[PDB]
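Structure, as C-alpha cells:
In this chain, residues are counted from 1 in sequence order.
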Amino acid sequence: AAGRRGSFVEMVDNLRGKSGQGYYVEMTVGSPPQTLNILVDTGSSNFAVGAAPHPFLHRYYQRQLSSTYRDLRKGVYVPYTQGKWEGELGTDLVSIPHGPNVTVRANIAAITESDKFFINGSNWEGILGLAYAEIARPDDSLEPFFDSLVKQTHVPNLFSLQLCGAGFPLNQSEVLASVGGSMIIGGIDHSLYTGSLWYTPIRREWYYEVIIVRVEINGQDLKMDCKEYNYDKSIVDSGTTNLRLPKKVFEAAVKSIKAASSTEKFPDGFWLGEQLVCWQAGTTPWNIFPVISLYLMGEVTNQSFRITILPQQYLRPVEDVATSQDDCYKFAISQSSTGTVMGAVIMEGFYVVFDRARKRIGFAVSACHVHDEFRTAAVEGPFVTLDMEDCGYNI
Ligand SMILES: CCCN(CCC)C(=O)c1cc(C)cc(C(=O)N[C@@H](Cc2cc(F)cc(F)c2)[C@H](O)CNCc2cccc(OC)c2)c1
C-alpha cells in the first residue's frame, strides 16, 4: 500500500450547492474584480453571467464599472434542454479566488434576457461551460473559458470534479454554509477519492462524450444492444441533476428497478421523477433498491471497467412538503430524447477527472459519496468486452 497525498489544498472544498440546484464556484470578472458565483457545467461551452436586474439575482456583472471590459458588438443566444438566455458578447479579465493563481482574458456573455435559466435560491449568478468549442454559441470561434485559461497560462489542460451530495436535505442557511465539493483546476488531488482511477476515452471533443457498453441492475444484465445505451450520445454533464436515459433504456431500467424493489410499491408519480416518497426518520429501506452499474469503454483494446452507484445516489434527498422529520427523496432518473446524460446524481458518487490533454475521463470512488454500512459505490476493472466501437452511435 501507499497513502495518497492531496496536493491542491488551495482548491479543495471550493464548491457549494446541491444536485437539485447545481454546484458553483466563486469567480471574479472585471477591474476592479466583481465577485460572482458560477455554476460549474461540463454540459455546455459558454461562460455567461447575469448582467442586468433579475428577480432571482442579488448581484450581477456591471460592465460599465470594469475598466478592462471589451465590447464584442455581438449578440448571443443559448438554448439548453430546458432554459435559455440572450446576451451581449465581450471579454474581460477573469479569475478564480479558490483556484490557480492566475488571471486571464476570456469571452463573457452578458445575460440581458433569460427564461427558466436562473434558479430562485441557487445562489449562483452565472454559468461556466467547461465543454469544447464545437458546441459553443454562436459558433466554435467563441473560445471557451478553459481553452483561454490553458492557452494563456501554464495550468495543465485538465480539471477534476468532486461533487458532494449531503445525503439529506439542506435548507437555505445550510446549503450556504455547507461544503459542496471540489473543482481542482489543472490537476488531480489524491485526497478526494479512494481506490484506483479508471479512464474511458472521450469519444469526440464537443460534449464530454463517452461510450457505455453494458448496464446492470443488481448484477443483472439489462441486456440491450449496447448501441441503445448511447443513442444518440452519452455525456458527462454536471449541469444536469438527473441520470437521463434514452427512452427505451429508461423503460427497461425502470422495469428492472421496480422488479428489484418489488417488496415496496411506489406510485407512478415517483417513477416519473415528479413526486417524492417518505419514510420514518432513519428507516429509508436502501437495501430493497438495487445498485446500478455502468460499464465504460476502457483505454486498452477489448477492455472495459464499471462504475456502480447506490440508491443513495439515484434517490435525491428532498424536504417534505410538511418539513416533517421523515427522510424523503425523489427518483433522480428520467427519460431523454437526446441520449444518455450522466448528471450530478451520478457524479456525486465519484471523483471525475476530465483529462483534456489525454482525451479521456477518469472515474474513482468519491471520498464523499453517501453510502451505508452494507454497500459502497465502486469503480472496478478490467473486463473483457468485445466490439465496443459498435456501441457508439452514428447519425
Ligand atoms: C441543474 C439544476 C436543475 N436543472 C435545471 C433546472 C431545472 C436540471 O437538473 C436540468 C434538467 C434538464 C432537463 C436540462 C438541464 C440543462 O439543460 N442543463 C444545462 C445547463 C443548465 C441550463 C439551465 F437553463 C439551468 C441550469 F441550472 C443548468 C446543460 O448545459 C445541458 N447540457 C446538454 C445541452 C443540451 C442542449 C443544449 C446545450 O447547449 C450547450 C447543452 C438541467
Side-chain angles (χ1 to χ4, degrees), residues 19-20 43 80-82 200 203 207-237 239-277 284-297 304 306-316 318 328-350 375 377 383 385 387-388 390-395:
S19 62
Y80 301 96
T81 298
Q82 298 180 175
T200 185
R203 184 181 181 210
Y207 294 99
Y208 292 97
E209 178 180 30
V210 300
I211 296 180
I212 299 180
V213 301
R214 173 181 177 100
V215 177
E216 301 179 354
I217 303 300
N218 285 334
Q220 182 179 336
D221 180 17
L222 187 58
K223 183 179 180 180
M224 300 180 84
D225 180 324
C226 64
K227 188 179 182 61
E228 295 297 6
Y229 302 143
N230 305 296
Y231 176 64
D232 60 340
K233 59 180 179 300
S234 299
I235 64 180
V236 183
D237 183 345
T240 301
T241 299
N242 302 349
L243 172 52
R244 306 182 63 243
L245 300 172
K247 182 179 181 300
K248 298 179 60 180
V249 182
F250 179 77
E251 300 178 344
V254 59
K255 180 180 180 180
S256 180
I257 298 179
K258 296 180 180 180
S261 61
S262 61
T263 59
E264 182 62 307
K265 180 61 180 180
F266 302 97
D268 301 335
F270 175 69
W271 300 110
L272 297 176
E274 299 179 344
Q275 61 181 64
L276 59 56
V277 298
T284 301
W286 301 113
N287 69 99
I288 64 179
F289 295 89
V291 299
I292 300 180
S293 299
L294 299 175
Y295 293 64
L296 299 173
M297 180 180 284
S304 62
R306 64 180 181 204
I307 62 180
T308 298
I309 64 179
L310 304 174
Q312 295 63 347
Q313 290 60 253
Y314 64 78
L315 299 180
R316 184 178 61 85
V318 299
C328 307
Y329 310 79
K330 295 181 179 180
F331 184 58
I333 301 180
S334 58
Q335 61 178 285
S336 178
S337 60
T338 59
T340 296
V341 180
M342 300 179 46
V345 178
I346 303 300
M347 298 181 72
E348 296 180 340
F350 307 96
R375 301 181 301 197
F383 300 90
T385 302
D387 301 304
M388 300 180 287
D390 300 315
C391 300
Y393 178 80
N394 300 302
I395 300 180

Review point. So, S262 side chain and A259 main chain: donor-acceptor pair closer than 3.5 Å or not?
Key: yes
Practice item. Determine, stepwise, if the pair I211 / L296 fulfils side-chain contact (heavy atoms from CB on, under 4.5 Å). Key: CA-CA 6 Å; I211 296 180; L296 299 173; over 6 Å; no
**Study point:** Pair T308, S293: side-chain N/O donor-acceptor within cut-off below 3.5 Å
**Key:** yes
Review point. Between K247 and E251, does at least one N-O distance fall below 4.0 Å, as a salt bridge requires?
Key: yes
Check your understanding: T240 and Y80: side-chain contact (heavy atoms from CB on, under 4.5 Å), yes or no, with the steps?
Key -> CA-CA 10 Å; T240 301; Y80 301 96; over 6 Å; no
Exercise for review: Verify the neighbour count for atom CD of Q220: are there more than 12 heavy atoms of other residues, nucleotides or ligands below 6.0 Å?
Suggested key: no
Practice item. Start with the C-alpha gap between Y229 and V213, add the side-chain angles, then the distance that decides, and say whether side-chain contact (heavy atoms from CB on, under 4.5 Å) holds. Key: CA-CA 7 Å; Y229 302 143; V213 301; over 6 Å; no
Check your understanding: What closest approach, in Å, do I333 and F250 show between heavy atoms, and which atom pair accounts for it?
Key -> O-CE1, 3.6 Å
Check your understanding: So with a 6.0 Å cut-off around OH of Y231, is the heavy-atom count from everything else above 12?
Key -> no
Point to revise | Nearest-0.5 Å distance that lies between atom CG in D237 and atom OG1 in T81 | key: 7.5 Å
Check your understanding: Should we count CG of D268 as having more than 12 external heavy atoms under 6.0 Å?
Key -> no
**Study point:** Side-chain heavy atoms of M342 within contact of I307, under 4.5 Å
**Key:** yes
Practice item. Quick one: pull up CD1 in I292 and CG in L222 and give me the separation to the nearest 0.5 Å. Key: 9.5 Å
Check your understanding: From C226 SG over to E228 CD, what is the distance, rounded to the nearest 0.5 angstrom?
Key -> 9.5 Å
Point to revise | Worked check of side-chain contact (heavy atoms from CB on, under 4.5 Å) between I212 and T340 | key: CA-CA 9 Å; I212 299 180; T340 296; 3.9 Å; yes
Check your understanding: OH of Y314 to CG of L243: how many Å apart, nearest 0.5 Å?
Key -> 10.5 Å
Review point. Is there a donor-acceptor contact under 3.5 Å from the side chain of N230 to the main chain of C391?
Key: yes
Point to revise | Note, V249 side chain near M224 side chain (heavy atom, < 4.5 Å) | key: yes
Check your understanding: Does the side chain of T338 reach to within under 4.5 Å of the side chain of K233, using non-hydrogen atoms?
Key -> yes
Check your understanding: Are the side chain of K330 and the backbone of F270 linked by a donor-acceptor contact shorter than 3.5 Å?
Key -> no
Review point. Distance-only, no hydrogens or angles: does the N218 side chain make a donor-acceptor pair with backbone N or O of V291 under 3.5 Å?
Key: yes
Review point. Where is the tightest heavy-atom contact between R214 and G219, given as atom of each residue plus distance?
Key: NH2-O, 4.5 Å
Point to revise | Distance in Å, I235 CD1 paired with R203 CZ, rounded so as to fall on 0.5 Å steps | key: 13.0 Å
Practice item. Verify, without hydrogens or angle tests, whether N242 (side chain) and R244 (backbone) share a donor-acceptor contact under 3.5 angstrom. Key: no
Review point. Any idea which heavy atoms bring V345 and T241 closest together, and the distance?
Key: CG2-O, 2.6 Å
**Study point:** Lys/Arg-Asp/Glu bridge criterion (N-O < 4.0 Å) met for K227, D390
**Key:** no
Check your understanding: Which heavy atom in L310 sits nearest to a heavy atom in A377, and how many Å separate them?
Key -> CD1-N, 3.7 Å
Practice item. Verify, without hydrogens or angle tests, whether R306 (side chain) and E216 (backbone) share a donor-acceptor contact under 3.5 angstrom. Key: no
Revision key, fill the gap. When rounded to the nearest 0.5 Å, the distance separating OG of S19 from CE of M347 is 12.0 Å
Check your understanding: Does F266 have its ring centroid less than 6.0 Å away from the ring centroid of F289?
Key -> yes
**Study point:** Short side-chain donor-acceptor distance under 3.5 Å, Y295 and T385
**Key:** no
